[PDB]
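Notes follow once the structure below has been shown.
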Amino acid sequence: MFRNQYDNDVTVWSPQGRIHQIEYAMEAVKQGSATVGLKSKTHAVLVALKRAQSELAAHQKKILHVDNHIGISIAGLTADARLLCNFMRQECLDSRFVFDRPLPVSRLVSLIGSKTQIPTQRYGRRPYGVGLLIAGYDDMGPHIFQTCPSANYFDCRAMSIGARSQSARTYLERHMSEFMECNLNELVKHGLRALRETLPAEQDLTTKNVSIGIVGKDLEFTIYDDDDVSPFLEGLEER
Amino acid sequence: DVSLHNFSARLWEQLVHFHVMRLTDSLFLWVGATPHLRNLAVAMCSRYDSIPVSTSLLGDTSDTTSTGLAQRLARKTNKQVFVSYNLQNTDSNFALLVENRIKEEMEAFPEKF
Amino acid sequence: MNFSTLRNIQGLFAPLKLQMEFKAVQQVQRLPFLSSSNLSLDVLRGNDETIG
Amino acid sequence: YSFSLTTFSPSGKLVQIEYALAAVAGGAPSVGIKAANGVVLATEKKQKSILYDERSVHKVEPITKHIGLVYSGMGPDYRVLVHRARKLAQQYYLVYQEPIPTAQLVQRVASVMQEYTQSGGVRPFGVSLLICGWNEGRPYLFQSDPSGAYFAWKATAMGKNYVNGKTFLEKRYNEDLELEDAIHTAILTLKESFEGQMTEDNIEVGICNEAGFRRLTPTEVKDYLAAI
Amino acid sequence: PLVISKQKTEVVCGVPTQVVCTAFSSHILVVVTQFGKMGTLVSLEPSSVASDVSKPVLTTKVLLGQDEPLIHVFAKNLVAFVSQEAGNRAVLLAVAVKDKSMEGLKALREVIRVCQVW
Amino acid sequence: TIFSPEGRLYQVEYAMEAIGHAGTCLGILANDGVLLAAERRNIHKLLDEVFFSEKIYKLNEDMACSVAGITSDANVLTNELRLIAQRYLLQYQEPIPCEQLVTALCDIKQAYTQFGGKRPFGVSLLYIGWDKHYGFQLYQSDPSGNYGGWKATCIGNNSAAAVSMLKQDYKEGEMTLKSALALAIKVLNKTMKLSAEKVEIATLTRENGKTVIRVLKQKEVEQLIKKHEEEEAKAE
Amino acid sequence: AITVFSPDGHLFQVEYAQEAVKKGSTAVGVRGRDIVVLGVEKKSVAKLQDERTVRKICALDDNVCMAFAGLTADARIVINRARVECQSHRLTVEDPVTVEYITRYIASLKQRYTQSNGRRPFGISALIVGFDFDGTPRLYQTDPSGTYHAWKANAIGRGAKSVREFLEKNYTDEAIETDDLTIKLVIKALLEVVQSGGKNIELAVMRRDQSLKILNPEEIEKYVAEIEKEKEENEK
Amino acid sequence: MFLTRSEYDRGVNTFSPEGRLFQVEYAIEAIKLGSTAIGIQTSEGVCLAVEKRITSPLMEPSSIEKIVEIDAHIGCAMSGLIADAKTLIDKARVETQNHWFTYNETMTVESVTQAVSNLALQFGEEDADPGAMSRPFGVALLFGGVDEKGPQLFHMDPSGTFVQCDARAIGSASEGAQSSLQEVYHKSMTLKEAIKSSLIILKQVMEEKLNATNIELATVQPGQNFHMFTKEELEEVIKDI
Amino acid sequence: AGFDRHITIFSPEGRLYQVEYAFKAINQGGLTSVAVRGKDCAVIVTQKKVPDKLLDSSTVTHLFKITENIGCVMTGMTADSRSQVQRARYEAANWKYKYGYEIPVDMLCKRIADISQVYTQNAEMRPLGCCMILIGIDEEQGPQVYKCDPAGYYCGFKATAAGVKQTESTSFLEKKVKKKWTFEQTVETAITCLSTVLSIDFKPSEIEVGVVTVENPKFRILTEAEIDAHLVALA
Amino acid sequence: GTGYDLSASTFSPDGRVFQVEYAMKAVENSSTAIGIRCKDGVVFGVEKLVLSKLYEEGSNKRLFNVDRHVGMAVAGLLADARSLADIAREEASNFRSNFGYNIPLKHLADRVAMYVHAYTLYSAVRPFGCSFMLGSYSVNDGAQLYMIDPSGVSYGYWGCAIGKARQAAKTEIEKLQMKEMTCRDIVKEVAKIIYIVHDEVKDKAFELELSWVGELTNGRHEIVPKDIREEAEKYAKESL
């Protein structure tokens, strides 16, 4: 009842000590489909889900390639995702082109957070409305990172974002004790099983609504789509 | 090569300066009274339209002097023309005087345009 | 004595405050209108008692 | 008895200008008289306590060799306007190689004042100015309102109880008035409704002649007060 | 002349190149072409939300041409010092170069420095 | 700066309504001249017989104008008119046409109702002048930027009655300076008791190829009002 | 604020500008074989006003004409801009402009004012007629949103729908056989909303290799009388 | 326990409690007032068909252009407010011509797409001057061209981003047109079949009668250039139905 | 919306309520300052309060050194006072660079007041809630005491006060000045005025004293031993 | 303060700015953190709540390393704290580059406090919503401890506490004799206070974060070794 005067601008503090526009922006992440990310001792895997509509009307790019050792998955606003992807690509390309060495994932994530914090304090601007999952490999090994519209980032062993990702999160929490010793095949199987939990009790994974991105040691970032996901899909059991 | 030319004239109660840079089938023209650059446009002759295709690169979208001047110059010279008109006079006939002076300089020194 | 010297002597806040004041005062600006006198801008810039 | 959020009053005038005039009318009294040869400006400089230092700030200020002014209203606005007036006079002298006429300076100051009544995010000045000058062997006296509307007068007053001062001036003005008699009349007008004892330190007097404009030393003010 | 300009040509990495610099009170115009024509047009401006306003970060925008990260990186690393040494002034760059490499950029930076007008 | 749902400009309407409370001005065009008549709302005995809110300004040697509105805005607009006329004269070695001057001012007036975030000028004008293109002329203006030519018009307070009486008692091609002055005095008396010290009269004419602009004296105004009183007494 | 979309996908300011246009006087244009006719009805006439300064039909160039309906100051600004553009094109390209060229310029200028928050739409509609170099008559219409089309006959203002229905019913290849028939058709179309007869009709015509011409009230009355007499002859 | 008023659709930078941009949604909804357009891309080329509605017999049909030619290998179809698409069309033409004039190659469809999309997202830019565009464009586009990657088809909406597609329909009857396209499109179909299917769907959805004067049709092929059908070709194709 | 929520809107009686609220914000601190000018010296005395026992008392002060020959005491909001002090130092440095000699006290006060005046005529920024008192010695005029306010008004005084109990302090000082000073008498007068107004017997660690003298024109801050000696001499 | 609390450029009728007060209230919904200055060093302690088991250990740190010799503990909005830490790092690096020696903690605190205060004057920005403390040690300067709040006021302290339960923590700290103790006892005291002022029912399980800078570390800010943390936690649990 009393929230009317304090929930229209991002530069207005509520008498309770809150900013409602940031929470509203964070609410926009759940408007996209679900994504799952997990890592092992030597590999990092991203698994995404495509929209249930027909593929004729639109082709969706859910998993994007940033560098030879970094890849991301998006859920939220397409324009914000495009802006962030361009920023990350420019940063990585500048690092390589100048210093002839790859850019650390932690440094990249810190730069992203610093850039995204700015519009939450100025007048006449709005926060970014997209969420990111970042998978990379560097001298310290595999990495999984999560980004928030509130300019917060976390270091994760496994995480899921999107619409109705609570079941996937519960599965990941339940089965997280055996990810380290798994190889690539079992890791992708675990990711697919976690992603399947966000579907109704009768639907099943298909080659036309699954995308996979894999990075790891002695293997650059690669995206598998359409008929390329058949070897990974084969071997899965009934729900 | 690239050639540079510079001239000026007094219109009404102001001194107006003109700067011309000539390239290979290209032209850049700057007009103003103070050393400022806030407008820019480009026009080219195309076979898919009767008016040369043009677009605005910098400045306010409510000012059409640069666009029209670039279009007319591109039609006359059959080149790619960049025009930066920075004069800030509300009178609409002052641009006619500017265009007449530009034309006069054009027949005066045809090799620099 | 300029922005770099002020930053090196006092800190990052002083030039930021000066530029925010300049931008806030300069909001009275429009092209298709008549000529204007920048009284507050000259007072803040400190050149309200000298002729250029 | 009435507060309005509109732009134009029901009488056909700007509301903010009326409020600024109301602010002006609450200031200290000022008196200006034009004589046969010269103009005299006077004002009340009553201080709240003996702790003040009268030799610190002044209300009568010279613009150039032959122009001075006094105000009635808010001090800081007068201070910010005086510097601009001096700068305009210096610019005119530099450009035209001749002293600026009084009318031109009044016009430019009025234009500057009017500029602030149209833009957004600003407020009008809360002062009214009396300007005196000497050109071609002929004295001048002008008064300007916060909105920038100026008129030429022969005798006028503003501030507190300005209607009684205007009545007094109307009753006791002559076309062939001399400078000494003009000074005496101005001091008498100030003495009218003074609610106190007038000394040579709580009032300011400035005069303009063919030799220029200058502010009177307190000894001269005491000598003038001795005659009354 | 209300605007001051300088020009000078050389051969960089075996291909001829022309450099022209023109100074305004709000922009610096730098032309580096190997075809004799203006190709990609890039605008570099100081950021308006920079915390360090004495040495602010630069924002790169492509006005006409192909939009790639390499273009942004090349433009920034080529005219950052020109922007900095001119008193934090905006730079308008028109570049048409066949191939882009760090050695070519370092070679062209000296030619740009020789034609200083700021 | 914002269209009403019915397609109207509230700021312009408010400015016109505010002007509707100002002083009354008159303009009558004759066969050999044109005159302006105004009402002196404020008067004091201590004014300095110059800059005494003289409502009839002089733009050039050929033109003059009258104002009903805000005095400071009127001063700004008149000053701009003077610079425009001087600049055109310097450029073309020829006096500016009256219609061109009116259009030049009206463009500035109209720009403020479309651009920026500033309020429009609350001033109405009345122009009189002579030029070789059309001779004696009389125009009018309003804050919205509209203008038009007239033969007899009035702006300010109680202008509707003045216009009605002018259209009732005005005949084209048969009136001279004396008849125009008498009609103006009658209309002003009806629309305002009138005193000879409460009005200002200015006239424009040609004297051997030279425009002459004069302001009627107090004695002349007293003579005119005495003649009007004699005529109205003889009528009854 | 400006540039705000309605829930059903409309710009509020453009609709309000069109509402303002709807209150203007009616204008009718008809394209013939070798003549173009424009006609505007007069909303009100004051006997003290000069008719030269309130005309709603203007000539942009030697072969282009224009009529408008809506606000007058905005129309004046647009007309001045179009005239300057035509003069500049002639001076630079040493070729006459075309009707489509000037129509596209006007439409682009109108559209540019619906983009930013610091401006407001114009709020006028225009009808443009003329002849090309090869000798082809043209007729175009523009609206405040920036849309333009080509027509054989059209109307704007009050009663526009009724006049459009009348023109659709009565426009045939045998009704534009001659200039007199075309003028009679325009007058008949305009008389469908005017109740006072031919005294409130302003008419102008343009012929091939000829300048703009304005018909006199005597000619208008003669045409009206001929149309009426034909009406009773048909009615028997 | 009181019912109060609350609105979130006043500005373009305001989020609703559920995380939505109502101004952008309204700009997208503005496209429903336009005519229907259909675009199909096959292994042999791209086919574009649009409906033009004439609101009065006094109007000139030739004055309505809803299919334009960006270059010798790129075409476009509009739906919505035609006055808004002029800037985008001019920008695309200028970019393509400038690239050819400078380098003597042809831009890719993706490059022209990015160049156009940079301008359509001017609202919401970090340092956009107030004198530029401040609202989303009220028009949708359908780009079709042939590049070294083969035929391609792209779609844009007032949101400001392009998305690749295989068979897309826009306009007022987009739902029915897409429903019809779903059961017709297949990967092995040819250009003539695409033209026939698009014409059949247009006839099904149009309220008026298909008479080869109220429609437009164009195709792009790897061998030939952009081609727009004439009256005789349109009549010959329609008479097959 | 409203005549008191806008800094650039006059009230029907011609008042600016935001400036009055800024004046009221000075009393939020709860302290009082007194400045007294002598024959050849100037003395500023302020009240020190350190209630928390976990707070380092060496970091709490209100006396500042603008220049080697100019002192200052601030009353009001702490952050605003510190920002004002930094701005004053910057202005003094700029004046020295531009004109080749040290800025006078009256000129510095005038510049500060001119800066403060702009905040009252624009709606996008607010005035600072603090009051500044400057002391110094002129080459050809002697000791000088100046005072500022949020409204932009400044004047010179023989004795002045700021903060709470300002009216009582002025009433006390008026009688002494009218009755009618050596270096010892100025400090004693200031301390006696503060003590009588506050109705508290002072301790050497409860006040701060800063002085300037013609013989030694450099601003100096007294130590606790010196303050205790002065208190013993007074009592 | 209704009607005067929508902007930071507005004064209340009693002379208050309510946006800054709301910003300072925004710190009270964050977990508490304390810092105690000792005879030969400063010890920090943070009560950190666990969000989920899917996060790696060592993420979402609230004890930063501003430089080689400065430690920082934050409370409130995390992004604002990170930006302020970046600002502090930039200031320290600039001072090192110019003057050639390590910046004193007083100057760094003053610069950061002025930067924070710069955001409480205009209506185009909003005040920061975080508080933090700085700690340092030197052979010729001893131990230093400072606090900066959203209003922009900095002071030196002997014992400080920020967060949700700062009042109870301050009351507990007031009973200590830290002026004569050592770090090896201050760590246990900090652990005991953190365990005491924690709410078991309202908040779920938590973890304890500890650090010092002092003589035994030779002027460096580091993390407490695991054995010392375990001993301190055992002592706190057995005392509680």
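For the structure tokens, the naming scheme is as follows: chains receive sequential letters (A, B, ...) according to their order of presentation, residues are indexed from 1 within each chain, and ligands are indexed from 1 in presentation order.
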
Write out as a ChimeraX atom specification the residues lying within 12 Å of residue D:217, counting only C-alpha atoms and excluding same-chain residues fewer than 6 positions away.
/D:55,200-201,203-207,223-224

Those same residues - N, CA and C atoms - I'd like them written as a compact mmCIF listing (two decimals), in the first residue's frame.
# COMPACT_ATOMS: atom_id res chain seq x y z
N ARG D 55 32.73 49.18 8.55
CA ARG D 55 33.70 49.40 7.49
C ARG D 55 33.99 48.15 6.67
N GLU D 200 25.83 59.11 12.10
CA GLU D 200 26.58 59.16 10.85
C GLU D 200 27.13 57.80 10.44
N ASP D 201 26.85 56.75 11.20
CA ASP D 201 27.37 55.42 10.91
C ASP D 201 26.31 54.43 10.45
N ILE D 203 23.74 55.18 8.25
CA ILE D 203 23.18 55.54 6.96
C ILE D 203 24.32 55.71 5.96
N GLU D 204 23.98 55.57 4.68
CA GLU D 204 24.93 55.72 3.59
C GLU D 204 24.39 56.73 2.59
N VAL D 205 25.27 57.60 2.09
CA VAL D 205 24.90 58.65 1.16
C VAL D 205 25.90 58.66 0.01
N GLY D 206 25.39 58.70 -1.21
CA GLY D 206 26.23 58.83 -2.39
C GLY D 206 25.67 59.87 -3.34
N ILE D 207 26.57 60.61 -3.99
CA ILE D 207 26.18 61.70 -4.88
C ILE D 207 26.86 61.51 -6.23
N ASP D 223 28.57 66.10 9.31
CA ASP D 223 28.42 67.54 9.09
C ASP D 223 27.04 67.87 8.53
N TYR D 224 26.56 67.07 7.58
CA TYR D 224 25.23 67.28 7.03
C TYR D 224 24.15 67.07 8.08

Residues within 6 Å of residue D:141, only C-alpha atoms, excluding chain neighbours under 3 positions, as a CSV table (one decimal) with N, CA, C and O atoms, in the first residue's frame:
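Saved file part-v1.csv follows:
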chain,number,residue,atom,x,y,z
D,131,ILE,N,19.7,53.4,-10.1
D,131,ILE,CA,20.9,53.7,-10.8
D,131,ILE,C,20.9,55.2,-11.2
D,131,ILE,O,19.9,55.7,-11.7
D,132,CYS,N,22.0,55.9,-10.9
D,132,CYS,CA,22.2,57.3,-11.2
D,132,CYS,C,23.4,57.5,-12.1
D,132,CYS,O,24.4,56.7,-12.0
D,152,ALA,N,12.4,55.9,-15.8
D,152,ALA,CA,13.2,57.0,-15.4
D,152,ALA,C,12.3,57.9,-14.5
D,152,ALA,O,11.2,58.2,-14.8
D,153,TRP,N,12.9,58.3,-13.4
D,153,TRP,CA,12.1,59.1,-12.4
D,153,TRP,C,12.8,60.4,-12.1
D,153,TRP,O,13.9,60.7,-12.6

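Taking atom CA of residue J:129 and atom CA of residue J:203 as the two end points, the separation is 22.0 Å.
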
May I have all residues of chain C that DSSP, computed from the backbone, assigns to helix (DSSP H, G or I), given as a ChimeraX atom specification?
/C:3-9,13-25,39-45

Mind checking DSSP for stretch 11-40 of chain A and telling me the strand (DSSP E) residues as a PDB file with N, CA and C atoms, in the first residue's frame?
ATOM      1  N   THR A  35      18.889 -23.000 -17.847  1.00  0.00           N
ATOM      2  CA  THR A  35      20.242 -23.381 -18.225  1.00  0.00           C
ATOM      3  C   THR A  35      20.896 -24.084 -17.044  1.00  0.00           C
ATOM      4  N   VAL A  36      21.819 -24.996 -17.341  1.00  0.00           N
ATOM      5  CA  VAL A  36      22.524 -25.766 -16.323  1.00  0.00           C
ATOM      6  C   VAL A  36      24.016 -25.732 -16.620  1.00  0.00           C
ATOM      7  N   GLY A  37      24.818 -25.484 -15.586  1.00  0.00           N
ATOM      8  CA  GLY A  37      26.262 -25.514 -15.714  1.00  0.00           C
ATOM      9  C   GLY A  37      26.935 -26.295 -14.604  1.00  0.00           C
ATOM     10  N   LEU A  38      27.926 -27.114 -14.953  1.00  0.00           N
ATOM     11  CA  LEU A  38      28.638 -27.917 -13.970  1.00  0.00           C
ATOM     12  C   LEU A  38      30.049 -28.180 -14.475  1.00  0.00           C
ATOM     13  N   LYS A  39      30.932 -28.548 -13.550  1.00  0.00           N
ATOM     14  CA  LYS A  39      32.340 -28.736 -13.863  1.00  0.00           C
ATOM     15  C   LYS A  39      32.858 -29.999 -13.191  1.00  0.00           C
TER      16      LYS A  39
END

Can you list, as an mmCIF file with N, CA, C and O atoms, in the first residue's frame, every protein, DNA or RNA residue that comes within 6 Å of stretch 139-146 of chain I when you count only C-alpha atoms, leaving out same-chain residues fewer than 3 positions away?
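Once written, selection_3.cif looks like this:
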data_model
loop_
_atom_site.group_PDB
_atom_site.id
_atom_site.type_symbol
_atom_site.label_atom_id
_atom_site.label_comp_id
_atom_site.auth_asym_id
_atom_site.auth_seq_id
_atom_site.Cartn_x
_atom_site.Cartn_y
_atom_site.Cartn_z
ATOM 1 N N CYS I 41 45.383 40.721 18.639
ATOM 2 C CA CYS I 41 45.260 39.272 18.599
ATOM 3 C C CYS I 41 43.816 38.900 18.302
ATOM 4 O O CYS I 41 42.898 39.707 18.467
ATOM 5 N N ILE I 133 33.890 30.496 10.408
ATOM 6 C CA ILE I 133 34.455 31.699 11.013
ATOM 7 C C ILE I 133 35.957 31.681 10.769
ATOM 8 O O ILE I 133 36.641 30.725 11.154
ATOM 9 N N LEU I 134 36.469 32.736 10.142
ATOM 10 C CA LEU I 134 37.879 32.846 9.800
ATOM 11 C C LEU I 134 38.527 33.966 10.598
ATOM 12 O O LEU I 134 37.909 35.007 10.841
ATOM 13 N N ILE I 135 39.779 33.751 11.003
ATOM 14 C CA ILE I 135 40.567 34.769 11.682
ATOM 15 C C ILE I 135 41.908 34.904 10.977
ATOM 16 O O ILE I 135 42.390 33.982 10.316
ATOM 17 N N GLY I 136 42.506 36.077 11.130
ATOM 18 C CA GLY I 136 43.777 36.364 10.493
ATOM 19 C C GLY I 136 44.219 37.762 10.854
ATOM 20 O O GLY I 136 43.572 38.462 11.639
ATOM 21 N N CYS I 155 30.091 39.176 6.775
ATOM 22 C CA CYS I 155 30.381 40.471 7.376
ATOM 23 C C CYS I 155 31.539 40.315 8.351
ATOM 24 O O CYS I 155 31.876 39.206 8.771
ATOM 25 N N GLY I 156 32.142 41.446 8.703
ATOM 26 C CA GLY I 156 33.202 41.488 9.691
ATOM 27 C C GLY I 156 32.662 41.868 11.057
ATOM 28 O O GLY I 156 31.716 42.641 11.172
ATOM 29 N N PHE I 157 33.279 41.316 12.098
ATOM 30 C CA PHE I 157 32.798 41.482 13.461
ATOM 31 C C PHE I 157 33.950 41.829 14.393
ATOM 32 O O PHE I 157 35.123 41.627 14.072
#

So which residues touch stretch 71-73 of chain B within 9 Å, counting only C-alpha atoms, skipping near sequence neighbours fewer than 3 positions away, as a list in words?
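So the residues in contact are residues 42, 43, 44, 45, 51, 52, 53, 54, 66, 67, 68, 76, 77, 78, 79, 80 and 81 of chain B; 88, 89, 92 and 93 of chain G.
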
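Closest to residue E:95 among E:32, E:50, E:70, E:19 is E:32, based on only C-alpha atoms.
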
Write out as a PyMOL selection string which residues come within 12 Å of residue G:201 when counting only C-alpha atoms, dropping same-chain ones fewer than 6 positions away.
chain G and resi 25-28+38-45+55-56+186-195+214-221+223-224

Env of residue H:1: 12 Å cut, atoms = only C-alpha atoms, seq-sep filter 3 positions within chain, self excluded. Answer as a PDB file with N, CA, C and O atoms, in the first residue's frame.
ATOM      1  N   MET A   1       0.814  -1.210   0.000  1.00  0.00           N
ATOM      2  CA  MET A   1       0.000   0.000   0.000  1.00  0.00           C
ATOM      3  C   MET A   1       0.852   1.266   0.000  1.00  0.00           C
ATOM      4  O   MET A   1       0.545   2.228  -0.700  1.00  0.00           O
ATOM      5  N   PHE A   2       1.924   1.258   0.789  1.00  0.00           N
ATOM      6  CA  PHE A   2       2.792   2.418   0.945  1.00  0.00           C
ATOM      7  C   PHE A   2       3.982   2.407  -0.005  1.00  0.00           C
ATOM      8  O   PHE A   2       4.843   3.286   0.096  1.00  0.00           O
TER       9      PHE A   2
ATOM     10  N   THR H   4      -5.615   0.394  -4.678  1.00  0.00           N
ATOM     11  CA  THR H   4      -5.025   1.663  -5.070  1.00  0.00           C
ATOM     12  C   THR H   4      -4.495   1.567  -6.494  1.00  0.00           C
ATOM     13  O   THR H   4      -4.335   0.477  -7.049  1.00  0.00           O
TER      14      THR H   4
END

Report the distance between atom CA of residue F:44 and atom CA of residue F:157 in Å, rounded to one decimal place.
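One can read the atom CA of residue F:44 to atom CA of residue F:157 distance as 21.7 Å.
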
Exercise: residue E:93 partners within 12 Å, only C-alpha atoms, chain neighbours under 3 positions left out, as a ChimeraX atom specification:
/E:19-22,27-33,38-45,60-64,71-72,74-76,78-80,82-83,90,96,112
